[PDB]
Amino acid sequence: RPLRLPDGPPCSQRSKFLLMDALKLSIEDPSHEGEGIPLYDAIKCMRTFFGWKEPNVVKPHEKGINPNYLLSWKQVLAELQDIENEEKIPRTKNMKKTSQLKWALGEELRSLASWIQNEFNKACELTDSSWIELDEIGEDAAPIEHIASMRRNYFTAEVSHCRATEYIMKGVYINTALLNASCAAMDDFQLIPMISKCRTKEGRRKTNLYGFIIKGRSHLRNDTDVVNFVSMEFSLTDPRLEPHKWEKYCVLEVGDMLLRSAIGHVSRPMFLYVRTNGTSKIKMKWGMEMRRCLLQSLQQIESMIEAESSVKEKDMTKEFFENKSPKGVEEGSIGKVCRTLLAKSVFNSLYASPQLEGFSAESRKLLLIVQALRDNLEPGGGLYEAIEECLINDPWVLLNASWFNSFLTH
């Protein structure tokens, strides 16, 4: 019996920021007066682009007030232009409490769509830049012993450029910024750049800007209290190709970008994905800890190394990572295994949910029960309701259920 996945319209994107669809404006080896202040970096990133144009709505939010999102992007550009004219460029920027920002800050079965599997595939790929330092992984108070060091270095080599790692660091930055603004600017509609930092294959430090968020009032007395925000994210993805994915968004067209491509220079429109969203103290605390995804992935790898190593009465770390009884690597290479474990862990973070919790526990139970049956038989009901009670509309849970059905047919 495969699981019954629900029927209904396709599921929609529900992450706090864009994943495979993000777009970066970047400055290499930055060295401007006041480098390392997000607002300064963001302005310098904005001014690397010359394709801006009069924005318009190209995919409206069917339940929101689309004029207000348009006005909010134009307000960002206007107020950033103001900062540019003040002699001393300030450190933070508190937006005027306009009607459009007041409205936007707040002052059902879905079927599995193909996009979430593509997101996951994109998360496993390598990028052309590194997102962590060599000793990023680990909190150890003492120097780690020799084998632990060797394993960390092999693993880091495999995942440092991974796209899932860019999501970790992106996620860590924006949650840190938003949590700190939530407490330092409680009453302000603070403009918060979405920034990440990486290093090129040639070693050039780069600062990247994905877009902006604007927080609402945030007198967060509890971990579960919510700060609303509006997010505004560049993308080269035309939302008209997969409209169902962008149900929660109003999408503007804001410029045109000249691109290197397999056909040479091409001009492509630049979009801006706009939605209203919210988070809480406790979720922002969790987002600041996303580097733990790296430790948890590493630890799953080390389990496998220790199992093979107990079988051989010998450490198998070199033999494992260099792919020297096992006669192959199902994913194709040791690197893809590491990055797949990572991508799984990061997507558990990015798409956390009660649905994911129930499915994770109740499917482990059904797994072990089906395992003991396949092993102890030839080919020839209640727990099933527990799992499928989590199969409602969440893309990550549905994708994992899809995967579970594949582990059944095999």
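Numbers for residues come from their place in the sequence shown, where the first is 1. Heads up, when I say rigid core I mean the largest set of C-alphas that superpose within 1.5 Å between the two forms.
Between stretches 188-196 and 81-89, the one whose Cα atoms sit farther from the displayed model in 8 other deposited structures of this protein on average is 81-89 (core-aligned, root mean square). Note: missing coordinates for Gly36 occur in none of the other compared entries bracketing this position, so the one-third threshold is not reached. Among other deposited entries of this protein with both flanking residues present, at least a third omit coordinates for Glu378. According to the PDB entry, the deposited sequence contains 4 to 9 residues between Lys324 and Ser325 that lack coordinates. According to the record, the deposited sequence contains 10 or more residues between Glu107 and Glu108 that were left without coordinates. Stretches 168-176 and 195-203 differ in mean CA B factor, with 195-203 having the higher one. Between 110-118 and 315-323, it is 315-323 that carries the larger average Cα temperature factor according to the deposited entry. Out of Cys45, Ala343, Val58, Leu367, it is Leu367 whose C-alpha atom has the highest B-factor in the PDB entry. Within the selection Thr98, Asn277, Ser218, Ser310, the deposited Cα B-factor values reach their highest point at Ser310. Sorting the modelled residues of the chain by their CA temperature factor places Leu377 in the highest third.
The entry lists a Cα temperature factor for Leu383 that places it in the highest third of the chain's modelled residues.
When all modelled residues of the chain are sorted by CA temperature factor, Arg292 is found within the middle third. When the CA B factors of the chain's modelled residues are split into thirds, the value for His161 lands in the lowest one.
In the deposited entry, the Cα temperature factor of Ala401 sits in the middle third of values across the chain's modelled residues.
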